[PDB]
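Novice: Right, I'll just put the structure down here and ask away after.
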Amino acid sequence: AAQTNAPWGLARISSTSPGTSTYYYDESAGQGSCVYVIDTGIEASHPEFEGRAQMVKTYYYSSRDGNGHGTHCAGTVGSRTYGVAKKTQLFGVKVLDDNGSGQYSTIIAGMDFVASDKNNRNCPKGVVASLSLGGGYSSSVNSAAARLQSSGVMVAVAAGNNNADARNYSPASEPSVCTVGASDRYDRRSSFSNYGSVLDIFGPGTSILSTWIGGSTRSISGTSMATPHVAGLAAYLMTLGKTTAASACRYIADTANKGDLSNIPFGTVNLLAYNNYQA
């Protein structure tokens with residue numbers, strides 16, 4: 001399949017070269033997979049989700065996305081125009097309030113919720129969780145993300161936007177999940193992106209166009225924007241049978257575009273998420 005005039009991030013993940021504008025992907029498009037978006041919620045009524053999104057859990061007085069972050073991330077996972085896996089099912093877990101903050105205990109509860117809730121969903125091609133969130137190092141937050149991974153969910157987490165080593169941020173520093181740094185349209189490390197040995201992969205993170213609340217769209221930047229690219233890619237590759245939840249992060253790294261990014265600090269992976277689709 002070919003989506004012309006796609007967002008640069010989508011075109012990048014299906015290209016060996018920066019600077020193109022068509023997104024190429026197998027028509028399966030993540031059908032039969034599920035992606036949990038653990039964030040401020042999802043505006044599921046957005047036309048861009050075509051009825052494939054739904055809120056499954058909230059820890060606040062509403063499951064609605066009163067912020068936009070979560071809707072934006074969900075759109076990069078699986079919206080018809082802005083999404084990597086355009087036929088995946090999106091499940092929203094609102095661990096962040098409408099100011100975009102959430103107690104660590106609430107985030108942990110959301111992760112354990114997903115580890116169980118997947119047994120309540122039909123995801124014959126596999127399950128993915130996208131964690132576009134972070135804070136200071138926490139052993140407990142890391143362990144919760146590790147449990148989620150262990151339970152058979154492909155966990156992708158943002159590296160963080162401190163332009164620092166991600167070893168000091170959670171769940172970014174949990175070694176068993178897929179820690180995602182951010183790159184820009186000129187294949188440079190995003191100015192803000194964390195780095196370090198705990199990074200597994202980079203994905204498009206700067207000036208990412210996706211769904212917003214109020215049925216709108218906007219471009220925003222962050223490792224929170226790169227993470228759903230990788231989460232969507234995982235869902236897409238699982239549906240193709242190329243990999244599984246336990247090996248998807250490794251598979252994405254193995255098949256990534258290698259050595260193509262600039263301003264990558266010594267010791268950090270120079271790997272850019274790539275779907276290797278041969279149209």
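A note on labels: chains of the structure tokens are A, B, ... as shown, every chain counts residues from 1, and ligands are counted from 1 in their shown order.
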Can you pull out every residue within 10 Å of residue 218 of chain A, counting only C-alpha atoms, but drop anything in the same chain fewer than 6 positions away, and send it as a list in words?
Specialist: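 Answer for this query is residues 68, 72, 207, 208, 209, 210, 211 and 212 of chain A.
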Novice: Excluding residue 256 of chain A and any residue of its chain fewer than 5 positions from it, enumerate the residues within 6 Å of it, using only C-alpha atoms, and give them as JSON, numbers by chain.
Specialist: {"A": [271, 272, 273, 274]}
Novice: I'd like the neighbourhood of segment 156-171 of chain A as a ChimeraX atom specification, where a residue qualifies if any of its atoms comes within 7 Å (using only C-alpha atoms), though same-chain residues fewer than 6 positions away should be ignored.
Specialist: /A:129-138,141-142,145,177-181,191-196,198-199,222-224,227,230-231
Novice: Please extract the residues of segment 10-181 of chain A with a backbone DSSP assignment of helix (DSSP H, G or I) and present them as JSON, numbers by chain.
Specialist: {"A": [10, 11, 12, 13, 47, 48, 49, 69, 70, 71, 72, 73, 74, 75, 76, 77, 78, 104, 105, 106, 107, 108, 109, 110, 111, 112, 113, 114, 115, 116, 117, 118, 119, 120, 139, 140, 141, 142, 143, 144, 145, 146, 147, 148, 149, 150, 166, 167, 168]}
Novice: Pick out the closest residue to residue 26 of chain A from this set: A:239, A:4, A:257, A:149. Count only C-alpha atoms.
Specialist: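 So, comparing all the options, the nearest one is A:239.
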Novice: Find the residue from A:47, A:19, A:152, A:66 that sits nearest to residue 244 of chain A; use only C-alpha atoms when measuring.
Specialist: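 Of A:47, A:19, A:152, A:66, the one nearest residue 244 of chain A, counting only C-alpha atoms, is A:152.
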Novice: Atom CA of residue 184 of chain A to atom CA of residue 261 of chain A: how many Å, to one decimal?
Specialist: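 Result for atom CA of residue 184 of chain A versus atom CA of residue 261 of chain A: 9.2 Å, one decimal.
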Novice: Pick out the closest residue to residue 215 of chain A from this set: A:31, A:71, A:197, A:140. Count only C-alpha atoms.
Specialist: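 Among A:31, A:71, A:197, A:140, it is A:71 that comes nearest to residue 215 of chain A.
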Novice: Using DSSP on the backbone, list every residue of segment 113-265 of chain A that comes out as strand (DSSP E), and give them as a PyMOL selection string.
Specialist: chain A and resi 126-131+135-136+153-158+169-170+178-183+201-204+208-212+216-220+257-258
Novice: If we count only C-alpha atoms, what is near residue 270 of chain A at a cut-off of 7 Å, once residues fewer than 4 positions away on the same chain are taken out, given as an mmCIF file with N, CA, C and O atoms, in the first residue's frame?
Specialist:
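around17.cif, written as the output of this step:
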```
data_model
loop_
_atom_site.group_PDB
_atom_site.id
_atom_site.type_symbol
_atom_site.label_atom_id
_atom_site.label_comp_id
_atom_site.auth_asym_id
_atom_site.auth_seq_id
_atom_site.Cartn_x
_atom_site.Cartn_y
_atom_site.Cartn_z
ATOM 1 N N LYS A 258 20.633 1.660 9.866
ATOM 2 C CA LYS A 258 21.790 1.658 10.747
ATOM 3 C C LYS A 258 22.774 2.741 10.334
ATOM 4 O O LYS A 258 23.102 2.877 9.153
ATOM 5 N N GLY A 259 23.220 3.517 11.317
ATOM 6 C CA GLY A 259 24.245 4.511 11.114
ATOM 7 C C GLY A 259 23.819 5.734 10.344
ATOM 8 O O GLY A 259 24.678 6.471 9.853
ATOM 9 N N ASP A 260 22.522 5.991 10.240
ATOM 10 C CA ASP A 260 22.015 7.058 9.391
ATOM 11 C C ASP A 260 21.692 8.327 10.163
ATOM 12 O O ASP A 260 21.359 9.346 9.548
ATOM 13 N N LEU A 261 21.816 8.305 11.483
ATOM 14 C CA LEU A 261 21.435 9.434 12.315
ATOM 15 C C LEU A 261 22.666 10.232 12.727
ATOM 16 O O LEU A 261 23.750 9.672 12.930
ATOM 17 N N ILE A 264 24.400 11.438 17.364
ATOM 18 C CA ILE A 264 24.177 10.305 18.261
ATOM 19 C C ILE A 264 25.417 10.156 19.127
ATOM 20 O O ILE A 264 26.505 9.894 18.592
#
```
Novice: Could you tell me which of A:254, A:48, A:27, A:174 comes closest to residue 155 of chain A if we count only C-alpha atoms?
Specialist: A:174
Novice: Do a neighbour search on residue 118 of chain A at 10 Å with only C-alpha atoms, toss out local chain neighbours closer than 2 positions, and write the hits as a JSON list (two decimals) with N, CA and C atoms, in the first residue's frame.
Specialist:
```json
[["chain", "number", "residue", "atom", "x", "y", "z"],
["A", 34, "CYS", "N", -3.37, -5.37, 18.74],
["A", 34, "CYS", "CA", -3.89, -4.37, 19.65],
["A", 34, "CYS", "C", -2.74, -3.53, 20.18],
["A", 35, "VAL", "N", -2.98, -2.24, 20.35],
["A", 35, "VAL", "CA", -2.00, -1.38, 20.98],
["A", 35, "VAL", "C", -2.68, -0.64, 22.12],
["A", 36, "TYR", "N", -2.13, -0.78, 23.32],
["A", 36, "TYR", "CA", -2.55, 0.03, 24.46],
["A", 36, "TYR", "C", -1.78, 1.34, 24.45],
["A", 91, "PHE", "N", -6.45, 0.71, 22.47],
["A", 91, "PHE", "CA", -7.05, 0.74, 23.79],
["A", 91, "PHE", "C", -6.39, 1.84, 24.60],
["A", 113, "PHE", "N", -2.67, -3.21, 34.88],
["A", 113, "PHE", "CA", -3.98, -3.37, 34.28],
["A", 113, "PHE", "C", -3.87, -3.94, 32.87],
["A", 114, "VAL", "N", -2.93, -3.42, 32.08],
["A", 114, "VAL", "CA", -2.79, -3.89, 30.71],
["A", 114, "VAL", "C", -2.35, -5.35, 30.69],
["A", 115, "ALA", "N", -1.40, -5.71, 31.56],
["A", 115, "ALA", "CA", -0.91, -7.08, 31.61],
["A", 115, "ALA", "C", -2.04, -8.08, 31.81],
["A", 116, "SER", "N", -3.11, -7.66, 32.47],
["A", 116, "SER", "CA", -4.28, -8.50, 32.67],
["A", 116, "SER", "C", -5.36, -8.25, 31.64],
["A", 120, "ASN", "N", -8.68, -9.90, 28.10],
["A", 120, "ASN", "CA", -10.07, -9.55, 27.84],
["A", 120, "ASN", "C", -10.29, -9.05, 26.43],
["A", 121, "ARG", "N", -9.26, -9.03, 25.60],
["A", 121, "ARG", "CA", -9.35, -8.48, 24.26],
["A", 121, "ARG", "C", -8.98, -9.54, 23.24],
["A", 122, "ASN", "N", -9.44, -9.32, 22.01],
["A", 122, "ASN", "CA", -9.11, -10.18, 20.89],
["A", 122, "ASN", "C", -7.95, -9.53, 20.14],
["A", 123, "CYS", "N", -6.77, -10.09, 20.30],
["A", 123, "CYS", "CA", -5.54, -9.61, 19.67],
["A", 123, "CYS", "C", -4.77, -10.83, 19.18],
["A", 126, "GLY", "N", -1.17, -10.16, 18.33],
["A", 126, "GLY", "CA", -0.28, -9.73, 19.39],
["A", 126, "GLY", "C", -0.69, -8.41, 19.99],
["A", 127, "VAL", "N", -0.01, -8.07, 21.09],
["A", 127, "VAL", "CA", -0.37, -6.94, 21.93],
["A", 127, "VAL", "C", 0.85, -6.05, 22.12],
["A", 128, "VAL", "N", 0.61, -4.75, 22.10],
["A", 128, "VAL", "CA", 1.65, -3.74, 22.22],
["A", 128, "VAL", "C", 1.16, -2.70, 23.22],
["A", 151, "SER", "N", 4.72, -10.32, 30.48],
["A", 151, "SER", "CA", 3.39, -10.90, 30.31],
["A", 151, "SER", "C", 3.00, -11.08, 28.86],
["A", 152, "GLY", "N", 3.87, -10.73, 27.92],
["A", 152, "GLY", "CA", 3.61, -10.93, 26.51],
["A", 152, "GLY", "C", 3.19, -9.70, 25.73],
["A", 153, "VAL", "N", 3.41, -8.51, 26.27],
["A", 153, "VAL", "CA", 3.07, -7.26, 25.61],
["A", 153, "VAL", "C", 4.37, -6.62, 25.13]]
```
Novice: Interatomic distance between atom CA of residue 276 of chain A and atom CA of residue 50 of chain A?
Specialist: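 Answer for the atom CA of residue 276 of chain A to atom CA of residue 50 of chain A separation: 26.4 Å.
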Novice: Could you give me, as a count of residues only, the residues within 6 Å of residue 70 of chain A, counting only C-alpha atoms and dropping anything in the same chain fewer than 5 positions from it?
Specialist: 4
Novice: Calculated over only C-alpha atoms, which of the candidates A:51, A:43, A:60, A:201 has the smallest distance to residue 98 of chain A?
Specialist: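 Among the listed residues, A:60 lies closest to residue 98 of chain A.
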Novice: Please measure the separation of atom CA of residue 240 of chain A and atom CA of residue 253 of chain A, giving the value in Å to one decimal.
Specialist: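 Computed distance, atom CA of residue 240 of chain A to atom CA of residue 253 of chain A, equals 16.8 Å.
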